[PDB]
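Coordinates from target-v7.txt are shown below (compact mmCIF, C-alpha atoms).
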# COMPACT_ATOMS: atom_id res chain seq x y z
CA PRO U 19 2.00 -27.49 -67.16
CA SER U 20 1.26 -23.94 -68.20
CA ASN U 21 1.01 -23.24 -64.46
CA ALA U 22 1.73 -26.05 -62.00
CA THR U 23 4.25 -25.23 -59.25
CA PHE U 24 6.19 -28.43 -59.89
CA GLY U 25 6.84 -30.85 -62.67
CA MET U 26 7.35 -34.53 -63.00
CA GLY U 27 10.59 -35.53 -61.57
CA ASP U 28 11.14 -32.51 -59.36
CA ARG U 29 12.74 -33.36 -56.03
CA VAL U 30 10.76 -32.10 -53.10
CA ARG U 31 10.16 -32.51 -49.39
CA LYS U 32 7.42 -31.82 -46.87
CA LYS U 33 8.14 -28.49 -45.17
CA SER U 34 7.01 -29.52 -41.67
CA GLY U 35 5.35 -32.16 -39.45
CA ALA U 36 5.71 -35.76 -40.68
CA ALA U 37 8.61 -36.04 -43.07
CA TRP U 38 8.52 -37.05 -46.71
CA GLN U 39 11.03 -36.57 -49.51
CA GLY U 40 11.37 -37.79 -53.02
CA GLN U 41 10.28 -37.20 -56.58
CA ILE U 42 7.09 -35.86 -58.07
CA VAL U 43 5.35 -38.67 -59.91
CA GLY U 44 1.84 -37.46 -60.30
CA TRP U 45 -0.85 -34.93 -59.63
CA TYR U 46 -4.42 -34.49 -58.38
CA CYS U 47 -7.10 -31.90 -58.03
CA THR U 48 -10.19 -31.63 -55.78
CA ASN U 49 -12.20 -28.75 -54.34
CA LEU U 50 -10.33 -29.15 -51.08
CA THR U 51 -6.92 -29.51 -52.74
CA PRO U 52 -7.05 -27.76 -56.08
CA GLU U 53 -3.33 -28.39 -56.64
CA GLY U 54 -1.96 -31.62 -55.28
CA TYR U 55 1.05 -33.85 -56.02
CA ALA U 56 1.92 -37.52 -55.68
CA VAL U 57 5.46 -38.00 -54.40
CA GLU U 58 7.45 -41.26 -54.49
CA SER U 59 9.80 -41.61 -51.47
CA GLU U 60 13.46 -41.66 -52.35
CA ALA U 61 14.14 -43.82 -49.32
CA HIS U 62 11.37 -46.38 -49.80
CA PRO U 63 11.06 -47.15 -53.49
CA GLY U 64 7.50 -47.75 -54.71
CA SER U 65 5.86 -45.93 -51.79
CA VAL U 66 3.89 -42.90 -52.84
CA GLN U 67 2.08 -40.33 -50.72
CA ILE U 68 -0.08 -37.36 -51.92
CA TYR U 69 -0.06 -33.80 -50.56
CA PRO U 70 -1.39 -30.31 -51.35
CA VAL U 71 1.19 -27.99 -53.02
CA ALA U 72 1.43 -25.84 -49.89
CA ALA U 73 2.92 -28.69 -47.88
CA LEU U 74 5.83 -29.28 -50.20
CA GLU U 75 9.06 -27.46 -51.18
CA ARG U 76 11.49 -28.06 -54.04
CA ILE U 77 15.09 -28.96 -53.17
CA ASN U 78 17.36 -27.05 -54.03
CA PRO E 19 -4.84 -39.06 -72.65
CA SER E 20 -3.88 -40.71 -75.91
CA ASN E 21 -3.94 -43.96 -73.91
CA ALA E 22 -4.98 -43.86 -70.25
CA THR E 23 -7.69 -46.35 -69.25
CA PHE E 24 -9.69 -43.65 -67.47
CA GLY E 25 -10.18 -39.94 -67.59
CA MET E 26 -10.81 -37.21 -65.14
CA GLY E 27 -14.20 -37.46 -63.72
CA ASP E 28 -14.82 -41.11 -64.53
CA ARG E 29 -16.74 -42.94 -61.82
CA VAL E 30 -14.97 -46.03 -60.62
CA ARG E 31 -14.72 -48.53 -57.80
CA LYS E 32 -12.17 -50.96 -56.39
CA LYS E 33 -12.91 -54.43 -57.78
CA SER E 34 -12.13 -56.37 -54.58
CA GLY E 35 -10.78 -56.30 -51.00
CA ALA E 36 -11.17 -52.96 -49.19
CA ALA E 37 -13.85 -50.89 -50.83
CA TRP E 38 -13.49 -47.52 -52.51
CA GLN E 39 -15.72 -45.68 -54.95
CA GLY E 40 -15.80 -42.25 -56.42
CA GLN E 41 -14.39 -40.05 -59.14
CA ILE E 42 -11.03 -39.97 -60.84
CA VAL E 43 -9.25 -36.79 -59.84
CA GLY E 44 -5.67 -37.45 -60.69
CA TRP E 45 -2.95 -39.75 -61.88
CA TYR E 46 0.51 -41.11 -61.06
CA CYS E 47 3.24 -43.21 -62.51
CA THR E 48 6.13 -45.17 -60.94
CA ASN E 49 8.12 -48.25 -61.93
CA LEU E 50 5.96 -50.32 -59.63
CA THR E 51 2.69 -48.72 -60.77
CA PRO E 52 3.18 -47.43 -64.28
CA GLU E 53 -0.50 -46.45 -64.51
CA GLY E 54 -2.10 -45.23 -61.33
CA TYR E 55 -5.12 -43.08 -60.43
CA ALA E 56 -6.16 -40.83 -57.57
CA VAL E 57 -9.81 -41.31 -56.67
CA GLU E 58 -11.91 -38.98 -54.48
CA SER E 59 -14.52 -40.89 -52.41
CA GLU E 60 -18.09 -40.07 -53.29
CA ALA E 61 -19.12 -40.83 -49.73
CA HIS E 62 -16.42 -38.86 -47.92
CA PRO E 63 -15.82 -35.63 -49.78
CA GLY E 64 -12.19 -34.46 -49.84
CA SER E 65 -10.74 -37.90 -49.09
CA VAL E 66 -8.57 -39.24 -51.87
CA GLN E 67 -6.85 -42.61 -52.19
CA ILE E 68 -4.49 -43.79 -55.00
CA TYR E 69 -4.48 -47.18 -56.73
CA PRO E 70 -2.96 -49.00 -59.72
CA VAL E 71 -5.29 -49.22 -62.78
CA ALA E 72 -5.72 -52.98 -62.30
CA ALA E 73 -7.49 -52.48 -58.98
CA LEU E 74 -10.20 -50.26 -60.35
CA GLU E 75 -13.27 -50.63 -62.63
CA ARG E 76 -15.45 -48.02 -64.31
CA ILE E 77 -19.16 -47.92 -63.38
CA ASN E 78 -21.26 -48.48 -65.55
CA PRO I 19 -7.66 -47.91 -21.75
CA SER I 20 -7.12 -46.25 -18.41
CA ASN I 21 -7.02 -43.00 -20.41
CA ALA I 22 -7.63 -43.12 -24.16
CA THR I 23 -10.27 -40.69 -25.47
CA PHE I 24 -11.99 -43.43 -27.46
CA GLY I 25 -12.41 -47.15 -27.39
CA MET I 26 -12.69 -49.89 -29.90
CA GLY I 27 -15.89 -49.71 -31.69
CA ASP I 28 -16.68 -46.09 -30.96
CA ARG I 29 -18.33 -44.30 -33.88
CA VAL I 30 -16.51 -41.16 -34.87
CA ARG I 31 -15.99 -38.66 -37.65
CA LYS I 32 -13.36 -36.17 -38.77
CA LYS I 33 -14.33 -32.72 -37.47
CA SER I 34 -13.23 -30.75 -40.57
CA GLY I 35 -11.48 -30.79 -43.97
CA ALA I 36 -11.58 -34.14 -45.80
CA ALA I 37 -14.39 -36.27 -44.48
CA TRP I 38 -14.14 -39.63 -42.77
CA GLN I 39 -16.60 -41.53 -40.59
CA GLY I 40 -16.76 -44.96 -39.14
CA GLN I 41 -15.62 -47.12 -36.27
CA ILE I 42 -12.48 -47.13 -34.20
CA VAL I 43 -10.52 -50.27 -34.99
CA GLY I 44 -7.07 -49.52 -33.73
CA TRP I 45 -4.57 -47.17 -32.24
CA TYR I 46 -1.07 -45.73 -32.67
CA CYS I 47 1.44 -43.57 -30.91
CA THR I 48 4.44 -41.53 -32.14
CA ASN I 49 6.23 -38.41 -30.94
CA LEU I 50 4.30 -36.39 -33.47
CA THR I 51 0.96 -38.07 -32.71
CA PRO I 52 1.07 -39.35 -29.17
CA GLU I 53 -2.58 -40.42 -29.36
CA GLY I 54 -3.78 -41.67 -32.70
CA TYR I 55 -6.63 -43.89 -33.93
CA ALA I 56 -7.28 -46.16 -36.89
CA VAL I 57 -10.82 -45.76 -38.20
CA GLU I 58 -12.60 -48.14 -40.61
CA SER I 59 -15.00 -46.28 -42.97
CA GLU I 60 -18.63 -47.19 -42.51
CA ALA I 61 -19.26 -46.45 -46.16
CA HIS I 62 -16.32 -48.35 -47.65
CA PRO I 63 -15.86 -51.57 -45.72
CA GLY I 64 -12.25 -52.66 -45.25
CA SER I 65 -10.80 -49.18 -45.83
CA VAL I 66 -8.99 -47.79 -42.83
CA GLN I 67 -7.40 -44.39 -42.32
CA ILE I 68 -5.40 -43.15 -39.26
CA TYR I 69 -5.67 -39.77 -37.54
CA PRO I 70 -4.54 -37.92 -34.40
CA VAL I 71 -7.21 -37.75 -31.63
CA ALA I 72 -7.67 -34.01 -32.16
CA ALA I 73 -9.03 -34.54 -35.65
CA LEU I 74 -11.84 -36.82 -34.60
CA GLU I 75 -15.15 -36.53 -32.69
CA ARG I 76 -17.45 -39.19 -31.27
CA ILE I 77 -21.02 -39.38 -32.62
CA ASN I 78 -23.37 -38.86 -30.70
CA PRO L 19 0.03 -59.32 -26.41
CA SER L 20 -0.74 -62.88 -25.46
CA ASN L 21 -0.54 -63.58 -29.20
CA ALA L 22 0.39 -60.75 -31.57
CA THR L 23 3.23 -61.52 -34.01
CA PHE L 24 5.00 -58.27 -33.16
CA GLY L 25 5.27 -55.84 -30.33
CA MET L 26 5.66 -52.15 -29.94
CA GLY L 27 9.02 -51.07 -30.99
CA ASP L 28 9.88 -54.08 -33.12
CA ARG L 29 11.84 -53.19 -36.25
CA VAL L 30 10.23 -54.48 -39.39
CA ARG L 31 10.06 -54.09 -43.14
CA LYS L 32 7.63 -54.83 -45.96
CA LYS L 33 8.62 -58.15 -47.56
CA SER L 34 7.87 -57.14 -51.17
CA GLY L 35 6.42 -54.53 -53.57
CA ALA L 36 6.56 -50.93 -52.31
CA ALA L 37 9.15 -50.58 -49.60
CA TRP L 38 8.62 -49.58 -46.00
CA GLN L 39 10.81 -50.01 -42.93
CA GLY L 40 10.71 -48.79 -39.40
CA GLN L 41 9.24 -49.41 -35.99
CA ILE L 42 5.93 -50.82 -34.87
CA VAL L 43 3.93 -48.05 -33.24
CA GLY L 44 0.42 -49.35 -33.26
CA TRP L 45 -2.11 -51.94 -34.23
CA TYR L 46 -5.50 -52.46 -35.88
CA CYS L 47 -8.06 -55.11 -36.53
CA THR L 48 -10.87 -55.45 -39.11
CA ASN L 49 -12.64 -58.36 -40.78
CA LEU L 50 -10.41 -57.92 -43.80
CA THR L 51 -7.22 -57.49 -41.76
CA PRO L 52 -7.69 -59.24 -38.45
CA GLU L 53 -4.08 -58.53 -37.47
CA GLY L 54 -2.64 -55.26 -38.67
CA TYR L 55 0.21 -52.97 -37.60
CA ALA L 56 1.04 -49.28 -37.84
CA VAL L 57 4.68 -48.72 -38.70
CA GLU L 58 6.58 -45.40 -38.40
CA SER L 59 9.24 -45.00 -41.13
CA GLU L 60 12.78 -44.87 -39.84
CA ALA L 61 13.75 -42.69 -42.77
CA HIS L 62 10.89 -40.19 -42.61
CA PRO L 63 10.14 -39.44 -38.98
CA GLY L 64 6.45 -38.92 -38.18
CA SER L 65 5.20 -40.77 -41.27
CA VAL L 66 3.19 -43.85 -40.45
CA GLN L 67 1.69 -46.46 -42.76
CA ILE L 68 -0.52 -49.48 -41.81
CA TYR L 69 -0.27 -53.03 -43.14
CA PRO L 70 -1.59 -56.55 -42.51
CA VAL L 71 0.83 -58.82 -40.56
CA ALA L 72 1.48 -60.96 -43.64
CA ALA L 73 3.12 -58.07 -45.46
CA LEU L 74 5.73 -57.42 -42.82
CA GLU L 75 8.87 -59.16 -41.48
CA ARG L 76 10.94 -58.51 -38.36
CA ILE L 77 14.60 -57.53 -38.81
CA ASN L 78 16.79 -59.38 -37.71

Transcribe the structure of this file into structure tokens.
Amino acid sequence: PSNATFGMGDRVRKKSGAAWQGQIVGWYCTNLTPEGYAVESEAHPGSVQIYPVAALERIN
Amino acid sequence: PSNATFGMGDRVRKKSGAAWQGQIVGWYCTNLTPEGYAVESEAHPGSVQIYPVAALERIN
Amino acid sequence: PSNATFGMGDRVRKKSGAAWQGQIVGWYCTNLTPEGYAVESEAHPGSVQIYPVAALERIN
Amino acid sequence: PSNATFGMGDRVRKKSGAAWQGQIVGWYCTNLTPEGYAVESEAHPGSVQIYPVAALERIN
């Protein structure tokens, strides 16, 4: 996108707290989370979790 | 999209099993769920859940 | 329990951020969340979400 | 429990569809899922997902 922090297929991980790591497979937007991503785990194929951009970092 | 079943802002609900109802706020795609949507609950603002297109119906 | 903050069937809600409200239907414990609860939404029957005790308040 | 299929600490995995594997750390019960478990991923510490007993198998 003309702006999004990450793109489809980027490899990312949660920066802290519960762990999560895998590829970007989607996106979402609400008032509470104006920039969110769906991430498919690279360890557990098919399992997807969603998070706000701030919780995530590209790897790298 | 030139194809997606639903668009941003459509009002939908889960067709069966656990209930869910609200607006489409996002989308995702994996091998297991090639067409998925993120839906923000209309009863619990800020809470989003994701589901495959087949689990959902537009209301209607 | 001889200690838990809430019991099965208590009515609670998330104190801030994304909303959630319903009845306590379960419990969990990890190093990261040593006292967690499963809560079934009172608006969307069958849908359960889990949270750490600190995120929750009894209503009341 | 005098009945539960699994106990705290059992190692289990999802039998099919999206993958998940780790240790039992909790439990839940609703009309829709009268016997459910919370499972902490062994690959992503701190991340917990909940499932009905039928979706799970002990490993084994």

Contacts of residue 34 of chain U at 10 Å or less, counting all atoms listed in the file, minus same-chain residues fewer than 2 places along, as a JSON list (two decimals) with C-alpha atoms, in the frame of the given file?
[["chain", "number", "residue", "atom", "x", "y", "z"],
["U", 31, "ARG", "CA", 10.16, -32.51, -49.39],
["U", 32, "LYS", "CA", 7.42, -31.82, -46.87],
["U", 36, "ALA", "CA", 5.71, -35.76, -40.68],
["U", 37, "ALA", "CA", 8.61, -36.04, -43.07],
["U", 38, "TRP", "CA", 8.52, -37.05, -46.71],
["U", 73, "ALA", "CA", 2.92, -28.69, -47.88],
["U", 74, "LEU", "CA", 5.83, -29.28, -50.20],
["U", 75, "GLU", "CA", 9.06, -27.46, -51.18]]

Handout entry: Close residues, segment 55-68 of chain I itself excluded, 10 Å, all atoms listed in the file, min 6 positions apart in chain, as number ranges by chain
Key = E: 35-39, 59-62, 65, 67; I: 22-32, 38-47, 74; L: 44-51, 56, 66-68

Would you put the residues from that selection into a file with C-alpha atoms, as a CSV table (one decimal), in the coordinates of the input?
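So the final result, stored in again04.csv, reads:
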chain,number,residue,atom,x,y,z
E,35,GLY,CA,-10.8,-56.3,-51.0
E,36,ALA,CA,-11.2,-53.0,-49.2
E,37,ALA,CA,-13.8,-50.9,-50.8
E,38,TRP,CA,-13.5,-47.5,-52.5
E,39,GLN,CA,-15.7,-45.7,-55.0
E,59,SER,CA,-14.5,-40.9,-52.4
E,60,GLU,CA,-18.1,-40.1,-53.3
E,61,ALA,CA,-19.1,-40.8,-49.7
E,62,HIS,CA,-16.4,-38.9,-47.9
E,65,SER,CA,-10.7,-37.9,-49.1
E,67,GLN,CA,-6.8,-42.6,-52.2
I,22,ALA,CA,-7.6,-43.1,-24.2
I,23,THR,CA,-10.3,-40.7,-25.5
I,24,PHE,CA,-12.0,-43.4,-27.5
I,25,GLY,CA,-12.4,-47.2,-27.4
I,26,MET,CA,-12.7,-49.9,-29.9
I,27,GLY,CA,-15.9,-49.7,-31.7
I,28,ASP,CA,-16.7,-46.1,-31.0
I,29,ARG,CA,-18.3,-44.3,-33.9
I,30,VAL,CA,-16.5,-41.2,-34.9
I,31,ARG,CA,-16.0,-38.7,-37.6
I,32,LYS,CA,-13.4,-36.2,-38.8
I,38,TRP,CA,-14.1,-39.6,-42.8
I,39,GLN,CA,-16.6,-41.5,-40.6
I,40,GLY,CA,-16.8,-45.0,-39.1
I,41,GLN,CA,-15.6,-47.1,-36.3
I,42,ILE,CA,-12.5,-47.1,-34.2
I,43,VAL,CA,-10.5,-50.3,-35.0
I,44,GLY,CA,-7.1,-49.5,-33.7
I,45,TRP,CA,-4.6,-47.2,-32.2
I,46,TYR,CA,-1.1,-45.7,-32.7
I,47,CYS,CA,1.4,-43.6,-30.9
I,74,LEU,CA,-11.8,-36.8,-34.6
L,44,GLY,CA,0.4,-49.4,-33.3
L,45,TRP,CA,-2.1,-51.9,-34.2
L,46,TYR,CA,-5.5,-52.5,-35.9
L,47,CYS,CA,-8.1,-55.1,-36.5
L,48,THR,CA,-10.9,-55.4,-39.1
L,49,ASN,CA,-12.6,-58.4,-40.8
L,50,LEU,CA,-10.4,-57.9,-43.8
L,51,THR,CA,-7.2,-57.5,-41.8
L,56,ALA,CA,1.0,-49.3,-37.8
L,66,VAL,CA,3.2,-43.8,-40.4
L,67,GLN,CA,1.7,-46.5,-42.8
L,68,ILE,CA,-0.5,-49.5,-41.8

Practice task
Measure the distance from atom CA of residue 53 of chain L to atom CA of residue 19 of chain I in Å and round it to one decimal.
Solution key: 19.3 Å

Just fit chain E onto chain I on all the Cα atoms, in order, by least squares, and give it as a short mmCIF file (atom, residue, chain, number, x, y, z; two decimals) with C-alpha atoms, keeping the file's coordinate frame.
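Saved result, superposed-v7.cif, follows:
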data_model
loop_
_atom_site.label_atom_id
_atom_site.label_comp_id
_atom_site.auth_asym_id
_atom_site.auth_seq_id
_atom_site.Cartn_x
_atom_site.Cartn_y
_atom_site.Cartn_z
CA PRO E 19 -7.66 -47.91 -21.76
CA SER E 20 -7.11 -46.25 -18.41
CA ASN E 21 -7.02 -43.00 -20.41
CA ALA E 22 -7.63 -43.12 -24.16
CA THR E 23 -10.27 -40.69 -25.47
CA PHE E 24 -11.99 -43.43 -27.46
CA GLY E 25 -12.40 -47.15 -27.39
CA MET E 26 -12.69 -49.89 -29.90
CA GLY E 27 -15.90 -49.72 -31.69
CA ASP E 28 -16.69 -46.09 -30.97
CA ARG E 29 -18.33 -44.30 -33.88
CA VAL E 30 -16.50 -41.17 -34.87
CA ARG E 31 -15.99 -38.66 -37.65
CA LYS E 32 -13.35 -36.17 -38.76
CA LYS E 33 -14.33 -32.72 -37.47
CA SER E 34 -13.23 -30.76 -40.57
CA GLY E 35 -11.48 -30.79 -43.97
CA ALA E 36 -11.58 -34.14 -45.81
CA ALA E 37 -14.38 -36.27 -44.48
CA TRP E 38 -14.14 -39.63 -42.76
CA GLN E 39 -16.59 -41.53 -40.59
CA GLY E 40 -16.76 -44.96 -39.14
CA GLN E 41 -15.62 -47.13 -36.27
CA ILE E 42 -12.48 -47.13 -34.20
CA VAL E 43 -10.52 -50.27 -34.98
CA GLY E 44 -7.08 -49.53 -33.73
CA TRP E 45 -4.56 -47.17 -32.24
CA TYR E 46 -1.07 -45.73 -32.66
CA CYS E 47 1.43 -43.57 -30.91
CA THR E 48 4.44 -41.54 -32.14
CA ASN E 49 6.23 -38.41 -30.94
CA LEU E 50 4.30 -36.39 -33.47
CA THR E 51 0.96 -38.07 -32.71
CA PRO E 52 1.07 -39.35 -29.17
CA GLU E 53 -2.59 -40.42 -29.36
CA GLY E 54 -3.78 -41.67 -32.70
CA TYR E 55 -6.63 -43.89 -33.93
CA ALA E 56 -7.29 -46.16 -36.89
CA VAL E 57 -10.82 -45.76 -38.20
CA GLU E 58 -12.60 -48.14 -40.61
CA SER E 59 -15.00 -46.28 -42.97
CA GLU E 60 -18.63 -47.19 -42.50
CA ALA E 61 -19.26 -46.45 -46.16
CA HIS E 62 -16.33 -48.35 -47.65
CA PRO E 63 -15.87 -51.57 -45.73
CA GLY E 64 -12.24 -52.66 -45.25
CA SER E 65 -10.80 -49.18 -45.83
CA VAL E 66 -8.99 -47.80 -42.83
CA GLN E 67 -7.40 -44.39 -42.32
CA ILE E 68 -5.40 -43.16 -39.26
CA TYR E 69 -5.67 -39.77 -37.54
CA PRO E 70 -4.54 -37.92 -34.40
CA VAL E 71 -7.21 -37.76 -31.63
CA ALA E 72 -7.67 -34.01 -32.16
CA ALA E 73 -9.04 -34.54 -35.66
CA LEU E 74 -11.83 -36.83 -34.60
CA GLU E 75 -15.15 -36.53 -32.69
CA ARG E 76 -17.45 -39.19 -31.27
CA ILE E 77 -21.02 -39.38 -32.61
CA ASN E 78 -23.37 -38.87 -30.70
#

Handout entry: Point-to-point distance in Å for atom CA of residue 72 of chain L and atom CA of residue 21 of chain L
Key = 14.8 Å
